[PDB]
């Protein structure tokens, strides 16, 4: 029964193309939510999103992380794969794990997911086939669209020949991927795992879909950076975002033996279902409560021990209130000083990438002893009874962190990380 540590981080987010720029911006209270410009939004009620920089000079480019020979093939893939490969490349390079022997490669697996996957690829390819009406699509269409080709391409890139798998659980995806990858190492099936989520869901049919589900904030289109306001009384839905978050997990002795960087230990994983509704959260938050609770029981810790909670915290009316009541039920009496914040206040809701991106932020809170802010928390809902780190980052003692993710289908995942020295 093996201990599992975090030895590499990778990020592509609406506030940075790597971990260092993203985290500086999160901590400084910078928002990455912007006006959509790449397609016509004149008929869409929501006109904003958390978007990856694509300026000529500083923007996201395949060449920044891909050798000249591999650019062509990568460019044929859906953007979720671009983002995923870029985050994984950063994580792998950060970890120093570049095995060149068979055993080490065979003991390296991957669990990389997306909630929706190759949405733009399928949308564009479908429309184009309808237009040309010649029965012909690109030879690259299938692999470009498949959720598992993110794991495929990272595997190919580094020769990782262990389990080649995914998690796909809507807005919980990135968390399940990391939890499942931890379990794989815990039980001895792999020594190193590349894990997380990636998403590129900001397309015409994607935004229209979430608008039709009434999930999105549609009333701050003139002031995009004010839209995502978890637990604020003017909240009225989430803001979609895009990007990826990938980590290297590693068996603890293995990491120590090669001199790896060690950010923290993954000690608890809760995974539950609401069993209630396709899109609406359990009215009593039963699934969310149980995931948090089980994560801590799995860790053999008590709720007083948590210092900081990175919430799911999407800026929905129902969801934020249900999460807040579940958290307060679990933590208020035993840990009235606990901090909780939503970084979706800054970058929006990256859907299947949310959980992994936020797992990374959680690890960085431990590294830097700082809780990132809930931006836009100007008028907190009445039920609030804990510190939600409104507006500005707060330096504090952070030894244990809980991170939550919930998704459509009632699927819930919670992860507990601990600092090494405590």
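Numbering follows the first chain given and starts at 1.
The mean C-alpha temperature factor is higher for 123-131 when 123-131 and 312-320 are set side by side.
For the segment pair 217-225 and 239-247, the entry gives 217-225 the higher mean B-factor, averaged over Cα atoms. Between the residues 51, 354, 365, 377, it is 377 that shows the highest Cα B-factor in the PDB record.
Of the candidates 257, 203, 89, 302, the PDB record gives 302 the highest C-alpha temperature factor.
In this PDB entry, the Cα temperature factor of residue 417 sits in the middle third of its chain's modelled residues. Among all modelled residues in this chain, the alpha-carbon of residue 334 has a temperature factor (C-alpha) in the highest third. Split the chain's modelled residues into thirds by C-alpha temperature factor. Residue 113 is in the lowest one.
Per-chain ranking of the deposited C-alpha B factor places residue 232 in the highest third. Ranked against the other modelled residues of its chain, the C-alpha B-factor of residue 137 as given in the entry falls in the highest third.
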